[PDB]
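Coordinates from model.cif are shown below (mmCIF, C-alpha atoms and all ligand atoms).
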data_final
#
loop_
_atom_site.group_PDB
_atom_site.id
_atom_site.type_symbol
_atom_site.label_atom_id
_atom_site.label_comp_id
_atom_site.auth_asym_id
_atom_site.auth_seq_id
_atom_site.Cartn_x
_atom_site.Cartn_y
_atom_site.Cartn_z
ATOM 1 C CA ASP E 94 0.000 0.000 0.000
ATOM 2 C CA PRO E 95 1.096 3.616 -0.514
ATOM 3 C CA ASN E 96 2.214 5.903 2.302
ATOM 4 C CA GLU E 97 -1.201 7.555 2.698
ATOM 5 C CA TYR E 98 -1.173 7.002 6.465
ATOM 6 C CA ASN E 99 0.542 7.973 9.728
ATOM 7 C CA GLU E 100 1.351 4.884 11.813
ATOM 8 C CA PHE E 101 2.877 5.295 15.273
ATOM 9 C CA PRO E 102 4.822 2.677 17.259
ATOM 10 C CA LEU E 103 3.112 0.610 19.964
ATOM 11 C CA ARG E 104 5.117 -0.836 22.857
ATOM 12 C CA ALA E 105 4.178 -2.455 26.150
ATOM 13 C CA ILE E 106 4.414 -0.677 29.501
ATOM 14 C CA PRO E 107 7.517 -1.703 31.498
ATOM 15 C CA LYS E 108 6.761 -3.979 34.439
ATOM 16 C CA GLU E 109 8.910 -1.823 36.746
ATOM 17 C CA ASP E 110 5.939 0.539 37.214
ATOM 18 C CA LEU E 111 3.090 -2.000 36.913
ATOM 19 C CA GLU E 112 3.935 -3.689 40.234
ATOM 20 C CA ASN E 113 2.126 -2.664 43.424
ATOM 21 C CA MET E 114 -0.268 -0.684 41.205
ATOM 22 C CA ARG E 115 -3.698 -1.692 39.900
ATOM 23 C CA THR E 116 -5.300 -0.017 36.879
ATOM 24 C CA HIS E 117 -9.097 -0.196 36.789
ATOM 25 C CA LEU E 118 -11.936 0.990 34.557
ATOM 26 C CA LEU E 119 -14.316 3.669 35.844
ATOM 27 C CA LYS E 120 -17.805 3.876 34.313
ATOM 28 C CA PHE E 121 -20.277 6.607 35.240
ATOM 29 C CA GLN E 122 -23.859 5.382 34.818
ATOM 30 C CA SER E 123 -25.774 8.510 33.804
ATOM 31 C CA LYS E 124 -27.287 10.199 30.759
ATOM 32 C CA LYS E 125 -25.207 13.378 31.188
ATOM 33 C CA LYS E 126 -21.510 14.057 30.519
ATOM 34 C CA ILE E 127 -19.716 13.535 33.841
ATOM 35 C CA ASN E 128 -16.199 15.000 33.925
ATOM 36 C CA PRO E 129 -14.561 15.318 37.378
ATOM 37 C CA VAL E 130 -11.952 17.746 36.010
ATOM 38 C CA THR E 131 -14.492 20.578 35.663
ATOM 39 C CA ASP E 132 -17.924 19.423 36.856
ATOM 40 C CA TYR G 201 -25.293 12.594 61.159
ATOM 41 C CA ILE G 202 -23.319 9.532 62.247
ATOM 42 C CA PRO G 203 -19.970 10.129 64.009
ATOM 43 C CA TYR G 204 -18.056 7.100 62.685
ATOM 44 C CA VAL G 205 -18.121 5.610 59.184
ATOM 45 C CA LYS G 206 -15.008 3.352 58.948
ATOM 46 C CA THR G 207 -13.447 4.552 55.716
ATOM 47 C CA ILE G 208 -10.530 2.747 54.071
ATOM 48 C CA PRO G 209 -8.194 5.351 52.540
ATOM 49 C CA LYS G 210 -6.205 4.428 49.448
ATOM 50 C CA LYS G 211 -3.922 6.311 47.062
ATOM 51 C CA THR G 212 -5.767 6.754 43.759
ATOM 52 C CA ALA G 213 -5.269 8.831 40.624
ATOM 53 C CA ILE G 214 -7.090 9.236 37.311
ATOM 54 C CA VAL G 215 -4.562 8.372 34.604
ATOM 55 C CA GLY G 216 -6.636 8.720 31.448
ATOM 56 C CA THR G 217 -10.083 9.023 29.889
ATOM 57 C CA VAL G 218 -11.410 6.473 27.406
ATOM 58 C CA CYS G 219 -12.110 7.947 23.967
ATOM 59 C CA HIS G 220 -12.439 4.872 21.713
ATOM 60 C CA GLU G 221 -13.628 1.290 22.148
ATOM 61 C CA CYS G 222 -11.963 -1.204 19.810
ATOM 62 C CA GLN G 223 -12.545 -4.844 18.873
ATOM 63 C CA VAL G 224 -9.409 -6.576 17.591
ATOM 64 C CA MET G 225 -10.332 -9.093 14.886
ATOM 65 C CA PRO G 226 -7.791 -10.979 12.737
ATOM 66 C CA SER G 227 -7.778 -10.002 9.076
ATOM 67 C CA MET G 228 -9.272 -12.654 6.797
ATOM 68 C CA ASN G 229 -6.683 -11.797 4.108
ATOM 69 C CA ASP G 230 -3.665 -12.606 6.291
ATOM 70 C CA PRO G 231 -1.615 -15.612 5.090
ATOM 71 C CA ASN G 232 -1.515 -17.050 8.618
ATOM 72 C CA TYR G 233 -5.310 -16.759 8.828
ATOM 73 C CA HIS G 234 -7.367 -19.964 9.202
ATOM 74 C CA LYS G 235 -4.849 -21.164 11.812
ATOM 75 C CA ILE G 236 -6.920 -19.379 14.457
ATOM 76 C CA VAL G 237 -10.010 -21.057 12.997
ATOM 77 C CA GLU G 238 -8.336 -24.430 13.526
ATOM 78 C CA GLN G 239 -7.438 -23.341 17.060
ATOM 79 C CA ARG G 240 -11.013 -22.152 17.613
ATOM 80 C CA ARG G 241 -12.325 -25.432 16.196
ATOM 81 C CA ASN G 242 -10.051 -27.400 18.536
ATOM 82 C CA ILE G 243 -11.628 -25.620 21.524
ATOM 83 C CA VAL G 244 -14.943 -27.439 21.111
ATOM 84 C CA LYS G 245 -13.251 -30.739 20.159
ATOM 85 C CA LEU G 246 -11.248 -30.953 23.424
ATOM 86 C CA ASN G 247 -12.535 -33.071 26.324
ATOM 87 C CA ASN G 248 -10.638 -32.285 29.524
ATOM 88 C CA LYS G 249 -12.355 -34.934 31.652
ATOM 89 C CA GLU G 250 -10.628 -38.319 31.849
ATOM 90 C CA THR J 2 -49.565 7.593 23.691
ATOM 91 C CA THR J 3 -45.922 8.556 24.261
ATOM 92 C CA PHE J 4 -44.040 8.177 27.536
ATOM 93 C CA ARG J 5 -41.641 10.938 28.583
ATOM 94 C CA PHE J 6 -38.520 10.584 30.724
ATOM 95 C CA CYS J 7 -36.681 13.073 32.902
ATOM 96 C CA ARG J 8 -33.421 14.639 31.747
ATOM 97 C CA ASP J 9 -31.594 15.002 35.075
ATOM 98 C CA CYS J 10 -32.275 11.568 36.607
ATOM 99 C CA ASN J 11 -33.948 9.496 33.827
ATOM 100 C CA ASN J 12 -37.092 9.048 35.940
ATOM 101 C CA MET J 13 -40.400 9.264 34.108
ATOM 102 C CA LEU J 14 -42.343 12.523 34.202
ATOM 103 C CA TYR J 15 -45.971 12.906 35.264
ATOM 104 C CA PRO J 16 -48.574 15.420 34.066
ATOM 105 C CA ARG J 17 -49.198 18.647 35.963
ATOM 106 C CA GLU J 18 -51.375 21.708 35.401
ATOM 107 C CA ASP J 19 -50.341 25.367 35.644
ATOM 108 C CA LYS J 20 -53.343 27.599 36.330
ATOM 109 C CA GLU J 21 -51.182 30.686 35.743
ATOM 110 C CA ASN J 22 -51.073 29.889 32.011
ATOM 111 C CA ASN J 23 -53.659 27.068 31.722
ATOM 112 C CA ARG J 24 -51.148 24.682 30.163
ATOM 113 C CA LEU J 25 -49.988 21.077 30.508
ATOM 114 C CA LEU J 26 -46.621 20.423 32.162
ATOM 115 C CA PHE J 27 -44.725 17.170 32.699
ATOM 116 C CA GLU J 28 -42.840 17.387 35.996
ATOM 117 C CA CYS J 29 -40.458 14.935 37.624
ATOM 118 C CA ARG J 30 -41.398 13.636 41.065
ATOM 119 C CA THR J 31 -37.882 13.626 42.560
ATOM 120 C CA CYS J 32 -35.638 16.384 41.155
ATOM 121 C CA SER J 33 -38.166 19.070 40.100
ATOM 122 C CA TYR J 34 -37.613 19.076 36.345
ATOM 123 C CA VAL J 35 -40.387 20.377 34.091
ATOM 124 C CA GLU J 36 -41.107 20.402 30.366
ATOM 125 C CA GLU J 37 -44.158 21.591 28.447
ATOM 126 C CA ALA J 38 -46.167 18.850 26.757
ATOM 127 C CA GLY J 39 -46.355 18.790 22.975
ATOM 128 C CA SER J 40 -49.669 16.925 22.968
ATOM 129 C CA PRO J 41 -52.731 17.052 25.254
ATOM 130 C CA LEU J 42 -53.161 13.252 25.390
ATOM 131 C CA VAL J 43 -51.914 11.581 28.575
ATOM 132 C CA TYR J 44 -53.817 8.285 28.644
ATOM 133 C CA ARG J 45 -55.164 5.699 26.217
ATOM 134 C CA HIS J 46 -56.763 2.285 26.815
ATOM 135 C CA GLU J 47 -57.547 0.551 23.510
ATOM 136 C CA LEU J 48 -60.135 -2.086 24.370
ATOM 137 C CA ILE J 49 -60.022 -3.300 20.753
ATOM 138 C CA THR J 50 -56.416 -3.094 19.564
ATOM 139 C CA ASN J 51 -54.697 -4.128 16.333
ATOM 140 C CA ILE J 52 -51.140 -3.779 17.680
ATOM 141 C CA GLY J 53 -49.185 -6.976 17.082
ATOM 142 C CA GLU J 54 -50.782 -7.996 13.792
ATOM 143 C CA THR J 55 -47.377 -8.159 12.064
ATOM 144 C CA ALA J 56 -45.211 -8.571 15.166
ATOM 145 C CA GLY J 57 -42.057 -10.550 14.458
ATOM 146 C CA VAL J 58 -41.307 -9.262 10.949
ATOM 147 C CA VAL J 59 -37.525 -9.058 10.535
ATOM 148 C CA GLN J 60 -35.053 -8.511 7.706
ATOM 149 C CA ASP J 61 -34.646 -12.303 7.339
ATOM 150 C CA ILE J 62 -38.273 -13.395 7.667
ATOM 151 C CA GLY J 63 -38.056 -15.102 4.274
ATOM 152 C CA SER J 64 -35.306 -17.395 5.574
ATOM 153 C CA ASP J 65 -37.778 -19.228 7.830
ATOM 154 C CA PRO J 66 -38.462 -22.600 6.142
ATOM 155 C CA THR J 67 -41.710 -23.285 8.018
ATOM 156 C CA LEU J 68 -43.486 -20.215 6.638
ATOM 157 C CA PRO J 69 -45.738 -20.897 3.626
ATOM 158 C CA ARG J 70 -45.178 -19.348 0.213
ATOM 159 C CA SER J 71 -47.685 -17.738 -2.137
ATOM 160 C CA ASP J 72 -47.894 -16.310 -5.656
ATOM 161 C CA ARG J 73 -49.831 -13.141 -4.795
ATOM 162 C CA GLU J 74 -48.725 -9.878 -6.399
ATOM 163 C CA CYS J 75 -46.876 -7.269 -4.337
ATOM 164 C CA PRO J 76 -48.595 -3.887 -4.901
ATOM 165 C CA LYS J 77 -45.366 -1.974 -4.292
ATOM 166 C CA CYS J 78 -42.752 -3.676 -6.513
ATOM 167 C CA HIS J 79 -44.720 -6.102 -8.749
ATOM 168 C CA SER J 80 -43.151 -9.302 -7.424
ATOM 169 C CA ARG J 81 -44.696 -12.748 -7.045
ATOM 170 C CA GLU J 82 -42.584 -14.189 -4.208
ATOM 171 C CA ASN J 83 -43.808 -13.606 -0.661
ATOM 172 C CA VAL J 84 -44.364 -15.296 2.703
ATOM 173 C CA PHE J 85 -47.791 -14.985 4.321
ATOM 174 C CA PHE J 86 -48.984 -15.557 7.878
ATOM 175 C CA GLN J 87 -52.062 -14.992 10.013
ATOM 176 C CA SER J 88 -52.427 -12.389 12.751
ATOM 177 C CA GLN J 89 -50.074 -12.904 15.692
ATOM 178 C CA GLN J 90 -52.593 -11.699 18.294
ATOM 179 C CA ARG J 91 -53.747 -14.685 20.343
ATOM 180 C CA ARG J 92 -57.069 -13.187 21.457
ATOM 181 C CA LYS J 93 -59.831 -15.506 20.263
ATOM 182 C CA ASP J 94 -61.629 -12.731 18.374
ATOM 183 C CA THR J 95 -59.329 -11.893 15.441
ATOM 184 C CA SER J 96 -60.135 -12.554 11.801
ATOM 185 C CA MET J 97 -58.295 -15.104 9.666
ATOM 186 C CA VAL J 98 -56.887 -12.415 7.360
ATOM 187 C CA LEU J 99 -53.435 -13.141 5.938
ATOM 188 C CA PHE J 100 -50.502 -10.713 5.967
ATOM 189 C CA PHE J 101 -48.119 -11.005 3.012
ATOM 190 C CA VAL J 102 -44.443 -10.025 3.243
ATOM 191 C CA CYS J 103 -42.501 -9.574 0.010
ATOM 192 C CA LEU J 104 -39.044 -11.141 -0.254
ATOM 193 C CA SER J 105 -37.797 -8.429 -2.649
ATOM 194 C CA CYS J 106 -38.726 -5.176 -0.865
ATOM 195 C CA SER J 107 -39.739 -6.147 2.708
ATOM 196 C CA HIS J 108 -43.190 -4.654 2.079
ATOM 197 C CA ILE J 109 -46.126 -5.934 4.139
ATOM 198 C CA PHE J 110 -49.627 -6.063 2.649
ATOM 199 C CA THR J 111 -52.841 -7.849 3.589
ATOM 200 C CA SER J 112 -55.549 -9.810 1.791
ATOM 201 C CA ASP J 113 -58.365 -7.957 3.574
ATOM 202 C CA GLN J 114 -61.209 -6.992 1.238
ATOM 203 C CA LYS J 115 -63.698 -5.726 3.857
ATOM 204 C CA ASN J 116 -61.927 -2.791 5.545
ATOM 205 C CA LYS J 117 -58.240 -2.969 4.566
ATOM 206 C CA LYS W 51 0.643 11.834 61.050
ATOM 207 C CA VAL W 52 -0.698 8.385 60.120
ATOM 208 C CA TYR W 53 -0.074 8.976 56.397
ATOM 209 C CA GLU W 54 2.780 10.958 54.833
ATOM 210 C CA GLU W 55 1.064 11.394 51.448
ATOM 211 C CA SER W 56 -1.929 13.319 50.148
ATOM 212 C CA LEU W 57 -5.211 11.398 50.345
ATOM 213 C CA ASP W 58 -6.903 13.347 47.524
ATOM 214 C CA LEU W 59 -7.609 11.928 44.076
ATOM 215 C CA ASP W 60 -4.999 13.173 41.595
ATOM 216 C CA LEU W 61 -6.911 14.751 38.700
ATOM 217 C CA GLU W 62 -3.771 15.749 36.810
ATOM 218 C CA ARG W 63 -3.204 13.023 34.191
ATOM 219 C CA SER W 64 -6.913 12.588 33.417
ATOM 220 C CA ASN W 65 -6.467 14.635 30.216
ATOM 221 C CA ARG W 66 -4.873 11.643 28.500
ATOM 222 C CA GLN W 67 -6.404 9.887 25.505
ATOM 223 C CA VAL W 68 -6.849 6.156 26.125
ATOM 224 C CA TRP W 69 -8.275 3.427 23.886
ATOM 225 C CA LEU W 70 -10.264 0.524 25.344
ATOM 226 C CA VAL W 71 -9.472 -2.561 23.251
ATOM 227 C CA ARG W 72 -11.080 -6.000 23.484
ATOM 228 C CA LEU W 73 -8.683 -8.735 22.412
ATOM 229 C CA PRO W 74 -9.221 -12.274 21.101
ATOM 230 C CA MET W 75 -8.391 -15.188 23.364
ATOM 231 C CA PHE W 76 -5.152 -16.087 21.575
ATOM 232 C CA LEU W 77 -3.860 -12.499 21.563
ATOM 233 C CA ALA W 78 -5.084 -11.670 25.077
ATOM 234 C CA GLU W 79 -3.445 -14.770 26.573
ATOM 235 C CA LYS W 80 0.012 -13.410 25.663
ATOM 236 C CA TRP W 81 -0.589 -9.649 26.012
ATOM 237 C CA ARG W 82 -1.980 -9.822 29.575
ATOM 238 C CA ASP W 83 0.885 -11.934 30.955
ATOM 239 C CA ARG W 84 2.831 -10.258 33.759
ATOM 240 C CA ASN W 85 5.978 -12.248 32.890
ATOM 241 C CA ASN W 86 6.167 -10.131 29.718
ATOM 242 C CA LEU W 87 5.816 -6.480 28.679
ATOM 243 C CA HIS W 88 9.512 -5.581 28.959
ATOM 244 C CA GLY W 89 8.936 -2.443 26.876
ATOM 245 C CA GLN W 90 9.676 -4.246 23.606
ATOM 246 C CA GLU W 91 7.900 -3.510 20.319
ATOM 247 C CA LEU W 92 4.464 -5.153 20.313
ATOM 248 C CA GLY W 93 3.561 -3.808 16.859
ATOM 249 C CA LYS W 94 2.494 -0.578 15.194
ATOM 250 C CA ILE W 95 -0.847 1.218 15.033
ATOM 251 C CA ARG W 96 -1.714 2.249 11.469
ATOM 252 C CA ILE W 97 -4.387 4.886 10.811
ATOM 253 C CA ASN W 98 -5.500 6.035 7.372
ATOM 254 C CA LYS W 99 -5.020 9.717 6.595
ATOM 255 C CA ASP W 100 -8.766 10.206 6.060
ATOM 256 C CA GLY W 101 -9.652 7.857 8.921
ATOM 257 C CA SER W 102 -12.591 5.430 8.993
ATOM 258 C CA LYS W 103 -10.201 2.435 9.047
ATOM 259 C CA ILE W 104 -7.560 1.375 11.578
ATOM 260 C CA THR W 105 -5.311 -1.680 11.741
ATOM 261 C CA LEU W 106 -2.419 -2.815 13.947
ATOM 262 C CA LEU W 107 0.314 -5.043 12.506
ATOM 263 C CA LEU W 108 2.388 -7.209 14.832
ATOM 264 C CA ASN W 109 6.105 -7.884 14.496
ATOM 265 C CA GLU W 110 7.658 -11.176 13.368
ATOM 266 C CA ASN W 111 8.054 -12.303 17.003
ATOM 267 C CA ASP W 112 4.801 -14.310 16.944
ATOM 268 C CA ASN W 113 6.682 -17.336 15.513
ATOM 269 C CA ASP W 114 4.447 -17.526 12.411
ATOM 270 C CA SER W 115 1.629 -19.010 14.503
ATOM 271 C CA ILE W 116 -0.947 -16.175 14.509
ATOM 272 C CA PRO W 117 -2.024 -13.497 12.025
ATOM 273 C CA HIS W 118 0.322 -10.541 11.621
ATOM 274 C CA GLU W 119 -2.496 -8.143 10.638
ATOM 275 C CA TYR W 120 -5.575 -7.177 12.656
ATOM 276 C CA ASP W 121 -8.443 -4.765 12.017
ATOM 277 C CA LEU W 122 -9.394 -2.322 14.784
ATOM 278 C CA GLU W 123 -13.200 -2.180 14.730
ATOM 279 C CA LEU W 124 -14.404 0.968 16.510
ATOM 280 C CA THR W 125 -17.471 -0.303 18.358
ATOM 281 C CA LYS W 126 -18.012 3.253 19.654
ATOM 282 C CA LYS W 127 -16.425 6.179 17.824
ATOM 283 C CA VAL W 128 -17.530 8.571 20.587
ATOM 284 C CA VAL W 129 -16.923 6.899 23.948
ATOM 285 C CA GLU W 130 -18.254 8.957 26.845
ATOM 286 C CA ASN W 131 -18.107 8.857 30.650
ATOM 287 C CA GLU W 132 -15.449 6.115 30.841
ATOM 288 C CA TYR W 133 -12.258 6.775 32.806
ATOM 289 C CA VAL W 134 -9.194 4.923 34.092
ATOM 290 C CA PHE W 135 -8.039 5.222 37.709
ATOM 291 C CA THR W 136 -5.139 3.603 39.550
ATOM 292 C CA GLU W 137 -4.714 2.316 43.107
ATOM 293 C CA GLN W 138 -1.615 2.555 45.308
ATOM 294 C CA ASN W 139 -0.701 1.922 48.934
ATOM 295 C CA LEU W 140 0.035 4.788 51.319
ATOM 296 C CA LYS W 141 3.113 5.185 53.492
ATOM 297 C CA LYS W 142 2.005 4.249 57.004
ATOM 298 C CA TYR W 143 4.684 6.065 59.052
ATOM 299 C CA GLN W 144 4.710 9.798 59.775
HETATM 300 ZN ZN ZN E 301 -35.959 13.918 37.428
HETATM 301 ZN ZN ZN E 302 -42.496 -6.400 -3.092
#

Can the structure in the file be given as structure tokens, please?
Amino acid sequence: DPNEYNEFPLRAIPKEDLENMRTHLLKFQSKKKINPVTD
Amino acid sequence: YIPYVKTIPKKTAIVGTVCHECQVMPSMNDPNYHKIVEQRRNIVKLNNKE
Amino acid sequence: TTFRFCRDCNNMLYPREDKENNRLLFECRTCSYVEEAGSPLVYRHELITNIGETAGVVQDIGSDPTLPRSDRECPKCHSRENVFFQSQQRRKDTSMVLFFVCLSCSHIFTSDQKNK
Amino acid sequence: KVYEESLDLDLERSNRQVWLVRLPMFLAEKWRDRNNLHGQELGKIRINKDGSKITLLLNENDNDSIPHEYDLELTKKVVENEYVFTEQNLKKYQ
């Protein structure tokens, strides 16, 4: 294919910072737009 | 009000906001394709119990 | 009849009257959200109802092998293939009229010759 | 005195674009392993200039056992009210 695209590299997160830390998904259940930064 | 509530403090931080939801699906035009189909087929054909 | 739902909490609104303007308002019962009604109808109880006559019609209705076929003409695309079925309402008072679904345009027509 | 760190949620890195990706069983079984992810190259994300089509191509490290090309199907172009938050332990002295 021709170079009609902009592909960026993808690499895994180092394990040195993934230990003793848990990353979770937060889901607001509402019909509005909830944004803790401003709201 | 109630004087005591027994909270459990923890260190938390918001480290991103989801903007896209993606579903990774193997391309049907890939030369290695149909090997996953064989692997998927083998899932139902396997009997763990002895 | 159309049901309305609240914007701030998703709870359903209920009718209310405003004597100041003699108008119909739909107000929430928990968070005090109001919205003027677009129609004056708030209730309907159809003792004799025809809802559900063609219930179950999908984009792939013609793929069902148990449905019968017919050679009746489709009065929207002039096609002869179609699958017909009786009314899906199980009340023991409906007529035996047949509803025809075309396999070329997904158009639904009936064989009724009394009222249509 | 019990804790030597702030107990308030850190809303500083929230302005960070994140993609939620659902993986197949074969790909998820090797991408979720904690005995891996040494920072190596897991592939490249390719996006068309005009958009509407995305695909990630893996490297040749798969051992020629799984497809090297995958299509990223955007189940929700506009994802709303979903966030990612971490969890860490607090220093218990002073
Ligand atoms: Zn309300
Ligand atoms: Zn027709």

Edge lengths and centre, in Å to one decimal, as JSON: that's what I need for the box along x, y and z that holds all listed atoms of stretch 100-107 of chain W plus 5 Å on each side.
{"center_x": -6.1, "center_y": 2.6, "center_z": 10.0, "size_x": 22.9, "size_y": 25.2, "size_z": 17.9}

Problem set entry | Contact set, chain E to chain W: 6 Å, all atoms listed in the file, as number ranges by chain | E: 97-107, 114-121, 127

For this session: Step by step, measure atom-to-atom distances between ligand ZN 302 (chain E) and each residue using all atoms listed in the file, keep those at most 10 Å, then write them as a PyMOL selection string.
Result: chain J and resi 74-83+101-110

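Around ligand ZN 301 (chain E), using all atoms listed in the file and a cut-off of 7 Å, the residues in contact are residues 7, 8, 9, 10, 11, 12, 29, 30, 31, 32, 33 and 34 of chain J.
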
Exercise. Near residue J:111, within 10 Å and counting all atoms listed in the file, which residues show up once chain neighbours fewer than 5 positions away are dropped, as an NGL selection string?
Worked result: :J and (75 or 85-87 or 98-102 or 117)

Exercise. Which distance in Å separates atom CA of residue G:232 and atom CA of residue W:116, to one decimal?
Worked result: 6.0 Å

Exercise. When you draw a straight line from atom CA of residue E:96 to atom CA of residue G:230, how long is it in Å?
Worked result: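 Computed distance, atom CA of residue E:96 to atom CA of residue G:230, equals 19.8 Å.
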
For this session: Give the answer as one residue: which of J:28, J:58, J:45, J:3 has the shortest atom-to-atom distance to residue J:15, using all atoms listed in the file?
Result: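 Closest to residue J:15, using all atoms listed in the file: J:28.
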
Report the residues retrieved by the PyMOL selection byres (((chain G and resi 217-224) around 7) and not hetatm) from the displayed file, expressed as a compact mmCIF listing (two decimals) with C-alpha atoms, in the coordinates of the input.
# COMPACT_ATOMS: atom_id res chain seq x y z
CA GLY G 216 -6.64 8.72 31.45
CA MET G 225 -10.33 -9.09 14.89
CA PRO G 226 -7.79 -10.98 12.74
CA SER W 64 -6.91 12.59 33.42
CA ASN W 65 -6.47 14.64 30.22
CA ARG W 66 -4.87 11.64 28.50
CA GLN W 67 -6.40 9.89 25.50
CA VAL W 68 -6.85 6.16 26.12
CA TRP W 69 -8.28 3.43 23.89
CA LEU W 70 -10.26 0.52 25.34
CA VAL W 71 -9.47 -2.56 23.25
CA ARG W 72 -11.08 -6.00 23.48
CA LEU W 73 -8.68 -8.74 22.41
CA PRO W 74 -9.22 -12.27 21.10
CA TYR W 120 -5.58 -7.18 12.66
CA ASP W 121 -8.44 -4.76 12.02
CA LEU W 122 -9.39 -2.32 14.78
CA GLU W 123 -13.20 -2.18 14.73
CA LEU W 124 -14.40 0.97 16.51
CA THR W 125 -17.47 -0.30 18.36
CA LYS W 126 -18.01 3.25 19.65
CA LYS W 127 -16.42 6.18 17.82
CA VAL W 128 -17.53 8.57 20.59
CA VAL W 129 -16.92 6.90 23.95
CA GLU W 130 -18.25 8.96 26.84
CA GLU W 132 -15.45 6.12 30.84
CA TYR W 133 -12.26 6.78 32.81
CA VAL W 134 -9.19 4.92 34.09

Exercise. Taking all atoms listed in the file into account, which of G:249, G:241, G:211, G:234 comes nearest chain W?
Worked result: G:211

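Between atom CA of residue W:144 and atom CA of residue W:52 the separation is 5.6 Å.
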
For this session: Name the residues that the PyMOL selection byres ((chain E and not hetatm) within 10 of (chain J)) picks from the file above, as a PyMOL selection string, using the file's chain letters and numbers.
Result: chain E and resi 123-125

Expand the PyMOL selection byres (((chain W and resi 56) around 12) and not hetatm) into the explicit residue set it covers here, and present it as a PDB file with C-alpha atoms, in the frame of the given file.
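New file expr-v2.pdb:
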ATOM      1  CA  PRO G 209      -8.194   5.351  52.540  1.00  0.00           C
ATOM      2  CA  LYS G 210      -6.205   4.428  49.448  1.00  0.00           C
ATOM      3  CA  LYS G 211      -3.922   6.311  47.062  1.00  0.00           C
ATOM      4  CA  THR G 212      -5.767   6.754  43.759  1.00  0.00           C
ATOM      5  CA  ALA G 213      -5.269   8.831  40.624  1.00  0.00           C
TER       6      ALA G 213
ATOM      7  CA  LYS W  51       0.643  11.834  61.050  1.00  0.00           C
ATOM      8  CA  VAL W  52      -0.698   8.385  60.120  1.00  0.00           C
ATOM      9  CA  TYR W  53      -0.074   8.976  56.397  1.00  0.00           C
ATOM     10  CA  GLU W  54       2.780  10.958  54.833  1.00  0.00           C
ATOM     11  CA  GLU W  55       1.064  11.394  51.448  1.00  0.00           C
ATOM     12  CA  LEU W  57      -5.211  11.398  50.345  1.00  0.00           C
ATOM     13  CA  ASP W  58      -6.903  13.347  47.524  1.00  0.00           C
ATOM     14  CA  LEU W  59      -7.609  11.928  44.076  1.00  0.00           C
ATOM     15  CA  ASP W  60      -4.999  13.173  41.595  1.00  0.00           C
ATOM     16  CA  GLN W 138      -1.615   2.555  45.308  1.00  0.00           C
ATOM     17  CA  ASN W 139      -0.701   1.922  48.934  1.00  0.00           C
ATOM     18  CA  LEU W 140       0.035   4.788  51.319  1.00  0.00           C
ATOM     19  CA  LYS W 141       3.113   5.185  53.492  1.00  0.00           C
TER      20      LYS W 141
END

Problem set entry | Counting only C-alpha atoms, the option among J:95, J:71, J:114, J:22 closest to residue J:49 | J:95

Exercise. Got a sec: who's within 6 Å of stretch 35-43 of chain J, counting all atoms listed in the file, leaving out chain neighbours fewer than 4 positions off, as a VMD selection string?
Worked result: chain J and resid 25 to 28

Please complete stretch 117-128 of chain E so it has N, CA and C atoms, and hand it over as a compact mmCIF listing (two decimals), in the frame of the given file.
# COMPACT_ATOMS: atom_id res chain seq x y z
N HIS E 117 -7.71 0.23 36.88
CA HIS E 117 -9.10 -0.20 36.79
C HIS E 117 -9.85 0.69 35.80
N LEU E 118 -11.05 0.26 35.45
CA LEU E 118 -11.94 0.99 34.56
C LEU E 118 -13.05 1.63 35.37
N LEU E 119 -13.27 2.92 35.16
CA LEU E 119 -14.32 3.67 35.84
C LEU E 119 -15.41 4.01 34.84
N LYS E 120 -16.66 3.69 35.20
CA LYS E 120 -17.80 3.88 34.31
C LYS E 120 -18.90 4.62 35.08
N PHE E 121 -19.14 5.87 34.70
CA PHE E 121 -20.28 6.61 35.24
C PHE E 121 -21.55 6.15 34.55
N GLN E 122 -22.56 5.80 35.33
CA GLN E 122 -23.86 5.38 34.82
C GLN E 122 -24.82 6.56 34.92
N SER E 123 -24.90 7.34 33.85
CA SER E 123 -25.77 8.51 33.80
C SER E 123 -25.95 8.90 32.35
N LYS E 124 -26.98 9.71 32.10
CA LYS E 124 -27.29 10.20 30.76
C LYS E 124 -26.63 11.54 30.45
N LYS E 125 -25.90 12.12 31.40
CA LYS E 125 -25.21 13.38 31.19
C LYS E 125 -23.76 13.10 30.80
N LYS E 126 -22.95 14.16 30.75
CA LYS E 126 -21.51 14.06 30.52
C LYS E 126 -20.80 14.40 31.83
N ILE E 127 -20.36 13.37 32.54
CA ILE E 127 -19.72 13.54 33.84
C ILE E 127 -18.21 13.64 33.62
N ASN E 128 -17.64 14.76 34.04
CA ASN E 128 -16.20 15.00 33.92
C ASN E 128 -15.70 15.58 35.24
